[PDB]
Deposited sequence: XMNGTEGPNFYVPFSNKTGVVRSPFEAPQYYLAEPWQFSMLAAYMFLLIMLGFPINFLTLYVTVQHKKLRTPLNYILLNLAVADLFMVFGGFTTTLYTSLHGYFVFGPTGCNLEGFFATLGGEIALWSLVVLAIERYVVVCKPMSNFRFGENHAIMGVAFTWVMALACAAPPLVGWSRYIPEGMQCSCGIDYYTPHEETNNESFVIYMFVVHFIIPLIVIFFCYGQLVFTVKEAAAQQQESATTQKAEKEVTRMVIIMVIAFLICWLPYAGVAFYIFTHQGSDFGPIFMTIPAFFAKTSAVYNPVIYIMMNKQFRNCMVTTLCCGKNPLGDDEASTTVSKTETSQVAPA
């Protein structure tokens, strides 16, 4: 056999040398060198040191500036939060693991690690479907009359949390499960073994279809309609606003892919070629690289949303003077409404 199946794991290392051992009981240093682990540990340490402030600041600024209530500002508050969950929920355990060499906290540390990453990535995917719509109703405007009040914005955010849970919560209760991957420092869904005892085979399709293919077809086709109205470049007059938020909601989709396609791809490969011959390094790269999903969203936001960027500077400068190159929002300053 080219892997070592366990009742809890599956190390992608042969054990015709009795060197293999439970990623929940001893260092996996025979899978690679002790420094590559120190790399993962340094790398995660930086991810935590970065995703934390970026996401926390984002959260903070959104709430402090009382006029940042568009559905988009809503969605990003959501991501900023989900992201903070990953940071503490999972990255905490994935850092301690990479350090001490194995899932020293057993399956729990593994479900923390694995659960909070899925929760975080699916929330991002399902959020992208919300934006894919909120974006459809503003450009290819349907009803001769409509705009999303915070009313409907709190709807789509509550939604991404149901869908995300529908996908990440099951493995914690008996449908599929979180098992360590790569150098065994991160935990993912079970693609490795059939384990009829929990039905991993069923879930993995449930997930690849209900939580990957479909949201992707939705998000892709919806875009095919928004291929005339708001063309694709960038640089009333209130049209260059929604014509710009859109170019953002689109760079968010490129990024999601860049992040999960390589993982999802390797994950689907495994499922299809279970028990074949792959190494620990195989999935360690797309798995760990995807952990940057806990921080790129706010970066895109702060760079593609002139409005938020200044609101961020405004909070950071306590007062103002945001060296810009259009409307507003804040607190005791000009957070006054200007509707109709």
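No C-alpha positions are given for the deposited-sequence stretches 1, 237-241, 332-334.
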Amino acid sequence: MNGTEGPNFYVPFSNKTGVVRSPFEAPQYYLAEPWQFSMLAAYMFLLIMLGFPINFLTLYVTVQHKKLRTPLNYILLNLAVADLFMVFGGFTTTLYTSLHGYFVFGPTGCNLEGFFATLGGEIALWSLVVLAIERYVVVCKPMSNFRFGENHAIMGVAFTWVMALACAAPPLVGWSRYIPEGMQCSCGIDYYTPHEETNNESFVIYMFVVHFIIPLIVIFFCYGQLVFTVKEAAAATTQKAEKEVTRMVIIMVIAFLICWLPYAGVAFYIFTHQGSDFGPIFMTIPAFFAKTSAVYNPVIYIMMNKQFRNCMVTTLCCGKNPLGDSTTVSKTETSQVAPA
From here on, numbers count along this sequence of modelled residues.
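Between two forms, the rigid core is defined as the largest C-alpha subset superposing within 1.5 Å.
In 4 other deposited structures of this protein, superposed on the rigid core, the segment with the larger root-mean-square CA displacement between 218-226 and 160-168 is 218-226. The segment moving more, judged by mean Cα distance from this form in 4 other deposited structures of this protein after a core overlay, is 269-277 among 29-37 and 269-277.
Between 225-233 and 67-75, it is 225-233 that carries the larger average Cα temperature factor according to the deposited entry. Taking the mean C-alpha B-factor of each stretch as recorded, 140-148 and 264-272 are not equal, and the higher mean is that of 140-148. Out of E113, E244, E122, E181, it is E244 whose C-alpha atom has the highest B-factor in the PDB entry. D190: CA B factor lies in the middle third for its chain, per the PDB record. Looking at the C-alpha B-factors along this chain, the one for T314 belongs to the highest third.
Ranked by Cα temperature factor within the chain, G156 sits in the highest third according to the deposited record. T97 sits in the lowest third of its chain by CA B factor, as recorded in the PDB entry. Compared with the other modelled residues of the chain, the Cα B-factor recorded for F220 ranks in the highest third.
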